Amino acid sequence: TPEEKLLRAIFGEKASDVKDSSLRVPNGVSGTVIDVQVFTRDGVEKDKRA
Amino acid sequence: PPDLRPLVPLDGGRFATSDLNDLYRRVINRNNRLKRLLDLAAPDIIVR
Amino acid sequence: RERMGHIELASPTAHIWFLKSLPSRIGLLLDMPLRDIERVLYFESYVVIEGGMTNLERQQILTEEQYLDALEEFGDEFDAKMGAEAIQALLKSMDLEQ
Amino acid sequence: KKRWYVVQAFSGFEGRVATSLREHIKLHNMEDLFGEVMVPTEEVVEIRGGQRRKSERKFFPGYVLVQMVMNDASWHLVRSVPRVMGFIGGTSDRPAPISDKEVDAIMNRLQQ
Amino acid sequence: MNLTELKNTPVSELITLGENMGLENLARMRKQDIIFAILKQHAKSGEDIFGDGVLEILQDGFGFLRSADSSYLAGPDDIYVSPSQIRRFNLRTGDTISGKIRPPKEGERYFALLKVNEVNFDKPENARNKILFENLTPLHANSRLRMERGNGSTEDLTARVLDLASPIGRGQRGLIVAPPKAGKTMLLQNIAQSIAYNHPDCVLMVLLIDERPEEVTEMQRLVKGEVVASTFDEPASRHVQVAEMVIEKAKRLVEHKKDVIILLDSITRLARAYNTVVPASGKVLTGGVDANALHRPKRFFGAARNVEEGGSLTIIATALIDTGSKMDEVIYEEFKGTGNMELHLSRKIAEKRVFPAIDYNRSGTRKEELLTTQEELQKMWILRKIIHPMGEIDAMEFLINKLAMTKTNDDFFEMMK
Amino acid sequence: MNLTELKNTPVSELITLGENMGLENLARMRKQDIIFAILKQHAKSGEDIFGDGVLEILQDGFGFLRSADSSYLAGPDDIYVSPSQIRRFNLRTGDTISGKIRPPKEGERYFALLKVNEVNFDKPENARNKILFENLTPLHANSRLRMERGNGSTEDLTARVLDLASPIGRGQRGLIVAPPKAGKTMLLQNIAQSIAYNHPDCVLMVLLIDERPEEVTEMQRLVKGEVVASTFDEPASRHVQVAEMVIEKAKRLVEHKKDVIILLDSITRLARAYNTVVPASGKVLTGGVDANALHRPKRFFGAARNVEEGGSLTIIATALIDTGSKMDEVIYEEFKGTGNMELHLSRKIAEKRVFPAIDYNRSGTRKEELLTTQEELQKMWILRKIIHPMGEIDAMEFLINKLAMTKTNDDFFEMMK
RNA sequence: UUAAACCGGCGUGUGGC
DNA sequence: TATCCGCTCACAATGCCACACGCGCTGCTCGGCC
DNA sequence: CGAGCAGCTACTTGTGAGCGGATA
Ligand SMILES: Nc1ncnc2c1ncn2[C@@H]1O[C@H](COP(=O)(O)OP(=O)(O)O)[C@@H](O)[C@H]1O
Ligand code: BEF
Ligand SMILES: [Mg+2]
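Chains as they are written, first to last, in the working numbering: chain L, 18 to 67; chain F, 2 to 49; chain A, 668 to 765; chain B, 7 to 118; chain U, 121 to 537; chain V, 121 to 537.
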């Protein structure tokens with residue numbers, strides 16, 4: 018409904034974002050991160066870490 | 002049944018599919034074309 | 668998983684498992700070798716049914732020129748279906764006890 | 007007599023297959039033995055209304071049955087152009103075309 | 121038979137007719153669902169049903185025959201129209217089509233129209249060979265549509281005042297700018313009644329968008345003609361659906377050389393729905409309206425025009441002000457410059473229980489000389505000259521008193537003497 | 121053959137011509153779609169079609185030949201122009217090109233122009249070796265363009281008053297500042313008619329942006345010359361398209377040493393469209409206008425100039441006031457300082473049915489001594505001296521009475537004696 | 001109607017035994 | 001008109017385990033019953 | 001308008017049986 022759209026717009030850019038959709042380490046393997054690699058598509062805004 | 006030949010969500014236009022689905026697709030397409038050809042009084046060699 | 672559907676085909680079709688099993692089941696049932704049935708099912712040849720007063724045998728196969736030249740001798744009483752329909756008609760009118 | 011022989015081809019480019027067949031006719035000035043293409047893919051919807059105008063101007067099986075009085079050199083011509091998947095017809099490879107009643111039928115399909 | 125022939129009557133006659141047809145309990149399902157079941161049984165009796173409706177074209181190419189009494193909306197009795205008819209005749213949106221229909225076989229959806237028998241109350245041959253609507257030549261209002269009733273009612277003045285403020289004619293584009301609680305409802309009511317009584321030749325098509333259902337019921341069974349409406353019960357999708365459908369029906373009826381009056385209230389809610397159903401262009405305007413949110417409203421508004429060849433389309437869409445926010449006012453602005461006919465109503469005088477409170481000052485008509493005779497135009501010019509130098513309350517009380525002291529408008533001219 | 125040759129005539133002759141061509145039912149499709157189908161069949165007859173149109177350049181490098189009768193907009197008969205012509209001759213936007221065209225093969229889009237035969241009514245050799253428009257030397261109005269008709273009509277005064285208020289000449293930049301319901305329509309109408317009748321040498325190019333379609337039809341078939349317009353039926357995109365296209369056509373025609381009069385109404389709606397189609401700079405001005413929203417309007421306005429070498433471009437763009445909001449007034453302000461020719465119209469006198477109500481006080485022309493002879497300039501100075509010390513109503517009634525009591529302007533001078 | 005609790009299909013290549 | 005001789009095709013080829021990767025682009029035509 | 005079709009190998013070897021076939 019228009020109220021939902023105007024509400025999610027006035028509260029920033031938020032929706033049914035509850036999707037975890039995050040990568041974790043596979044169950045059983047430890048380690049220490051030593052290098053991060055990120056590559057963006059032309060046009061997408063680069064985050065500060067990139 | 003569809004559970005035996007699944008279409009799991011592979012991202013993008015690329016899709017992880019079963020093999021039988023393409024055969025069923027082709028068979029249904031040919032069957033629909035044959036059903037629509039007989040009504041249009043199509044040539045005998047064409048329906049053959 | 669247990670519930671399934673079906674496909675209504677406008678034209679009959681022959682099952683390949685009884686065609687090229689070596690030996691076949693339809694070829695032995697019709698007393699006809701596999702090559703003639705193969706030529707019939709793929710529309711390079713015909714097969715006649717309900718011979719009767721004609722000079723031709725029923726279980727024989729015909730080609731395109733054979734169906735052309737043999738059409739003028741008998742028009743109404745002569746029946747020559749082509750494809751899986753002809754095979755189905757042969758199977759329907761085939762007795763077993765005799 | 008220039009009969010109307012039916013032929014199947016590499017589909018998808020069927021119109022371009024017809025144009026290439028025509029180019030091959032006009033190359034060897036084969037219009038003596040040959041006629042035209044008769045690709046009556048002419049279901050002619052033009053519902054150019056609001057929110058959508060892309061109408062399907064083409065609907066017919068991928069057959070481009072050509073009028074010609076057949077010769078074996080003509081057969082090897084129509085097979086020499088690429089995209090000729092099947093020259094159908096009951097035969098070894100020298101078929102008999104469709105009758106004239108289906109010529110009237112295809113005239114109906116063209117007019118519609 | 122015809123669906124509307126079963127629709128003019130309440131659910132009670134439909135129930136007893138279904139009992140005559142020998143079916144399941146009809147009162148349980150909806151009355152339009154009752155009509156669907158009844159037509160299904162009537163088709164089961166071995167007869168071809170005769171249906172009618174205006175055409176709605178989807179992306180697939182087929183059509184739906186929406187009925188008049190169903191407010192031009194989706195229903196179980198919407199006749200399916202195969203694409204072959206759109207290939208033969210190419211019936212566009214809004215074409216009133218009547219013809220033979222068959223029942224839906226199982227796994228199908230609705231009734232299918234076999235052969236058209238009537239195209240827009242004319243032979244089907246005129247449907248293919250015809251000049252289109254956006255292809256016409258728009259013109260100004262040549263013929264004048266008088267508004268006064270002629271027997272001197274109290275709200276008859278509400279028509280006379282228009283004929284005294286700014287005339288209305290065929291093909292005009294009228295706006296009604298009024299705040300809430302001003303008197304627009306009764307105004308358009310008596311306007312429709314006067315158009316129907318004094319000018320029964322033209323096709324009265326009253327329109328209602330997002331109002332009370334009681335208002336819809338009061339409008340449908342009070343005025344002459346078809347009354348299609350879409351209240352708040354339907355979202356912006358069905359709002360824009362019914363709007364474009366009635367506008368295309370009017371386009372087709374003008375193509376058939378007929379006059380169509382479209383009294384719409386309100387245009388601001390229609391604009392809100394349009395702004396709701398437009399894709400975002402990554403930017404907003406002043407008030408909270410998208411950039412391309414006005415294109416389709418402007419199209420719907422400018423569909424009205426006067427034609428050289430035949431027929432006219434005159435829309436009177438009410439504009440709403442005093443809503444507190446900007447966007448609605450923005451709409452109003454974007455609509456003062458496109459319409460060639462303004463009419464402004466007063467709420468500051470309506471709160472004084474002074475009706476009807478029409479703004480005589482900012483009312484006007486472009487090319488109004490074609491809307492009235494010569495000497496009547498001179499007398500109206502002199503009358504506006506008299507009305508101008510006095511105050512607002514002065515002009516309005518003078519209007520109401522001296523027009524209720526009169527009965528008709530030419531009698532008013534002959535009394536001012 | 122030529123598209124305009126099939127366009128000057130209505131859809132009826134197009135229908136019978138298509139019936140002569142033996143095609144599908146033509147009346148069903150649009151009349152411009154009829155022309156597309158008809159030209160397709162004419163090309164099927166084995167002949168090279170001869171087309172013409174003004175060039176529109178996209179980002180890809182090819183061009184479109186937009187036709188005059190199609191209001192310089194997108195159409196199915198827009199001739200495709202291969203980039204090779206832009207490589208050989210480098211035809212810029214607005215260049216009227218006529219040449220041989222071929223039908224579109226399937227999977228193509230439109231007709232393709234093979235070889236140019238006429239470039240701006242001149243040989244193609246002048247197209248490559250030519251001095252450009254923004255490369256010219258702008259000057260003031262040297263030659264005077266008289267406005268009075270000469271037979272003494274009632275609206276002939278509406279021209280005379282200009283010649284009595286502030287002269288108009290070639291290469292000038294004119295503004296018409298007027299509120300709504302003031303008399304701008306008939307004013308520009310008789311202005312165009314007088315320019316055409318008294319000065320048929322110059323190219324009359326009347327322009328209309330976002331008005332009623334009836335107004336467009338009244339303008340097209342009343343005045344001499346090409347009438348391209350874009351009503352509210354088209355969004356800001358097509359508005360800016362037609363605007364830049366007519367301005368580039370005028371630029372090219374002045375490059376070819378010809379005089380172009382551009383009567384535009386209104387400039388405020390054009391500025392609104394421009395402000396609608398500019399990228400947001402994260403800030404807004406007073407009234408609700410973007411920062412860079414004025415650059416392209418200012419370019420379009422200053423395109424008018426008088427040239428040393430040949431030709432002139434004189435634009436008369438009407439400014440709109442009394443709109444209630446600020447932004448429009450802002451436009452007006454940003455436009456008083458760029459134009460060197462102001463003309464102000466009165467609505468406070470127009471409501472009194474006193475026409476024509478031109479503001480004689482705030483009207484004026486910069487370097488007006490080059491616009492009129494010596495002693496006529498002395499007499500105009502003395503006449504403005506007489507007009508000044510009396511009131512507004514006094515000056516205006518004196519104007520209208522004593523000029524309707526006259527027939528021509530020099531006769532008016534000889535009667536004031 | 002209400003309350004509580006819970007919610008790798010295919011091919012390919014390589015290597016090893 | 002029966003009996004070997006040779007042509008032609010189907011069917012099969014250890015089992016596990018571990019790791020890794022790649023399963024495409026664009027134009028046309030057909031399907032139409034939310 | 002969406003979806004599906006489509007256009008841009010040659011050393012495996014054995015074992016076995018079914019089907020001409022040719023030759024008296
Ligand atoms: N020169 C004139 N003579 C007579 N009437 C005029 C004249 N100029 C304007 N009018 C009146 O003005 C009205 C049209 O106004 P319009 O041109 O639309 O105003 P604007 O264009 O400034 O909004 C007509 O009804 C006409 O009676
Ligand atoms: F009302 Be006018 F056309 F500005
Ligand atoms: Mg105007």
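Ideal Cβ positions, reconstructed from N, Cα and C, are used throughout, including at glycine.
For ligand 1, is there a heavy atom less than 7 Å away from the beta-carbon of residue i?
{"i": "V:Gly-303", "result": "yes"}
{"i": "V:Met-306", "result": "yes"}
{"i": "U:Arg-392", "result": "no"}
{"i": "U:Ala-470", "result": "no"}
{"i": "U:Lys-151", "result": "no"}
{"i": "V:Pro-300", "result": "yes"}
{"i": "U:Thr-458", "result": "no"}
In three-state terms, what does DSSP make of residue i?
{"i": "V:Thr-434", "result": "strand"}
{"i": "F:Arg-15", "result": "coil"}
{"i": "B:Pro-88", "result": "coil"}
{"i": "V:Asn-481", "result": "strand"}
{"i": "B:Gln-73", "result": "strand"}
{"i": "U:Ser-218", "result": "strand"}
{"i": "U:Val-348", "result": "strand"}
{"i": "B:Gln-117", "result": "helix"}
Can you find the residues in the same chain that come closer than 7 Å, C-beta to C-beta, to residue i, ignoring five residues on each side of it along the sequence?
{"i": "A:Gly-718", "result": "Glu-724, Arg-725"}
{"i": "V:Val-131", "result": "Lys-151, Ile-154"}
{"i": "residue 543 of chain V", "result": "Given a span of 121 to 537 for chain V in the structure shown, any question on residue 543 of chain V remains unanswerable."}
{"i": "A:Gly-694", "result": "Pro-700, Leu-701, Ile-704"}
Residues of chain V with CB closer than 7 Å to the CB of residue i, please, in chain order.
{"i": "U:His-415", "result": "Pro-355"}
Can you pull the chain A residues whose beta carbon is under 8 Å from the beta carbon of residue i, in chain order?
{"i": "B:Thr-97", "result": "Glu-711, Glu-731"}
Among the options, which has the Cα closest to the Cα of residue i?
{"i": "V:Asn-249", "options": "V:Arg-208, V:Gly-227, V:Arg-482, V:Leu-384", "result": "V:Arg-208"}
{"i": "V:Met-141", "options": "V:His-464, V:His-162, V:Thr-129", "result": "V:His-162"}
{"i": "U:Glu-275", "options": "U:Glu-331, U:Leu-295, U:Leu-308, U:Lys-243", "result": "U:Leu-308"}
{"i": "U:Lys-225", "options": "U:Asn-310, U:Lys-160, U:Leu-252", "result": "U:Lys-160"}
Quick one: what's got a C-beta closer than 6 Å to residue i's C-beta in the same chain, skipping five residues either side?
{"i": "U:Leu-384", "result": "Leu-327, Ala-437"}
{"i": "V:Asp-442", "result": "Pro-299"}
{"i": "B:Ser-26", "result": "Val-87"}
{"i": "U:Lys-527", "result": "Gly-272"}
So, at 8 Å on beta carbons, what are the nonlocal neighbours of residue i in its own chain, with the 5 sequence-adjacent residues on each side left out?
{"i": "U:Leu-523", "result": "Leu-277, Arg-280, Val-281, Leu-284, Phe-532"}
{"i": "V:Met-149", "result": "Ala-157"}
How would you list, in chain order, the residues of chain F whose beta-carbon sits under 8 Å from the beta-carbon of residue i?
{"i": "B:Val-12", "result": "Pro-44, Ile-46, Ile-47"}
Would you check whether ligand 2 has a heavy atom nearer than 7 Å to the C-beta of residue i?
{"i": "V:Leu-383", "result": "no"}
{"i": "V:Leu-463", "result": "no"}
{"i": "V:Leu-327", "result": "no"}
For residue i, return the contacting residues in chain F, with the cut-off set at a CB-CB distance below 9 Å.
{"i": "B:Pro-46", "result": "Here the premise fails: no neighbours, minimum Cβ distance about 11 Å."}
Quick one: is the Cβ of residue i within less than 7 Å of any heavy atom of ligand 5?
{"i": "U:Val-450", "result": "Here the bound small molecules are ligand 1, ligand 2 and ligand 3; ligand 5 is not part of this structure."}
By the criterion of Cβ-Cβ separation under 7 Å, what are the contact partners of residue i in chain B?
{"i": "U:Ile-177", "result": "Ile-53, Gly-55"}
Along chain F, which residues have their Cβ under 7 Å away from the Cβ of residue i?
{"i": "A:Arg-692", "result": "By Cβ distance, chain F contributes nothing, its closest Cβ being about 23 Å from A:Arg-692, past 7 Å."}
Note down, in chain order, every chain B residue with its Cβ under 8 Å from the Cβ of residue i.
{"i": "V:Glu-226", "result": "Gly-21"}
If the cut is a Cβ gap below 8 Å, which residues of chain U does residue i touch?
{"i": "V:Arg-358", "result": "What V:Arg-358 touches in chain U: nothing, since even the nearest Cβ is about 10 Å away."}
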